[PDB]
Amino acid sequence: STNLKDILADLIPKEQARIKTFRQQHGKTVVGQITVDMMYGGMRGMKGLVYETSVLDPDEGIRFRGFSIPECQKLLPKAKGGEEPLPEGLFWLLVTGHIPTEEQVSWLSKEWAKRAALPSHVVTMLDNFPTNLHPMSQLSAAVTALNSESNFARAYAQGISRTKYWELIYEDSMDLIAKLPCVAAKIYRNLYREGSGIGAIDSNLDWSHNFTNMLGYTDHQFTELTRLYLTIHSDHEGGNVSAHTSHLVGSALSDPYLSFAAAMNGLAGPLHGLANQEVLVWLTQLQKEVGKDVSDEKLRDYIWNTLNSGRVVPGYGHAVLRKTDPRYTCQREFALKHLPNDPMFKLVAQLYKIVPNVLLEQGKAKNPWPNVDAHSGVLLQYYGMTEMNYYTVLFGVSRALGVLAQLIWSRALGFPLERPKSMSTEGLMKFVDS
């Protein structure tokens, strides 16, 4: 009905059987080869893990359990008075493989609202943190400290049956998702709103709304952006560092709290979670260098400079995707309707016309189109979320959705300890010579 845990109880045995069958038939089917470059090249191209919740076609971008962003935009339930998809509904999709109903979504909003309370020790911890401790550091430490609340960790050590793992994981994952906005907003307020309180969860507001309230914003459209934001950042295959980290750490039977916090430390990495910031920085430098308002051909010549000087035009390209990110388009649409005359956006809008035209000519590229990160920055800034250091906190709150959805399934399906084999260069050399 509306009880997700019950629907999950239904789905799991079917998937387990489907998997076991496939492994009996095709377990020894070679699905690719491992080269020396793949070992040195951070496993690039190597099919390495099964992750069920989302799949990225390098052609049309990301699909959540079969559905594209555009479909999600239309099918997923919206806020009462909204036109953006509730991330609750997206969680539901990743977990069940089914588009939810308004009732299902509403039920999930209430569930998360019921579970959202922080333990005192985590409030103390956040409240005592200095202002120079990075937001993501605060987040990761806080979530680690939450592991005191873990069902799974307690029950595991009592000797619960493997079959029951997923159930504990679900409860913890549900608890964690509920608390994350609280954590995230306590960080925001401690850092930028002089330690004021987050205030109260409204039991009748959606997750994204209770969030933006706790962050101390009130503008309708910032809450709609957030809804979009949290939806579209939620998942991106299992190969990305935050996903994979979560998966790897979970594989050792570390609870969702420890699994998520590990993931956040990977999300904190410049090469994964910071591109938003780097775009916004680069743009600000662009406007400083050749001016805030510009003709297309002027804009064009600046581009080449960045390149030939040994610098990446940021927000463009991707490790695997090979076309304009649905997650960009998504945001563009949001900005063709809600701030078409915002100047930073106009510039974002302009680079979409010029950057692609060049870049390919530079050769070194593969992916000549914008990624999600090219666009998120100006939207956040526009509503007064100007604190760039904080922006990955948003991303993480979102990415909890996908990686916890998967973590449940990973435990449900009994995936084992991730434990690839390493080789030293020397050993790898003595291997190939043989």
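Just count from 1 along the sequence shown to find any residue number. Between two forms, the rigid core is the largest collection of C-alphas that superpose within 1.5 Å.
Rigid core fits of the other structures in 7 other deposited structures of this protein place the C-alpha atoms of one stretch farther away on average; of 335-343 and 292-300, that stretch is 292-300. Relative to the displayed structure, the C-alphas of 348-356 lie farther away on average in 7 other deposited structures of this protein than those of the other candidate, with 348-356 and 210-218 compared after rigid core superposition. The mean C-alpha temperature factor is higher for 306-314 when 194-202 and 306-314 are set side by side. As listed in the deposited structure, the average C-alpha B-factor of 224-232 and of 349-357 is greater for 349-357. As recorded in the entry, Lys74 carries the highest CA temperature factor of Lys74, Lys186, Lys179, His121.
Per the PDB record, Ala157 has a higher Cα B-factor than any other of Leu146, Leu133, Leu126, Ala157. The entry lists a Cα temperature factor for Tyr391 that places it in the lowest third of the chain's modelled residues. In the deposited entry, the Cα temperature factor of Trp107 sits in the middle third of values across the chain's modelled residues. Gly81: CA B factor in the highest third of modelled residues in this chain (values from the PDB entry). In this PDB entry, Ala117 carries a Cα temperature factor that places it within the middle third of its chain's modelled residues. When all modelled residues of the chain are sorted by CA temperature factor, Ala365 is found within the highest third.
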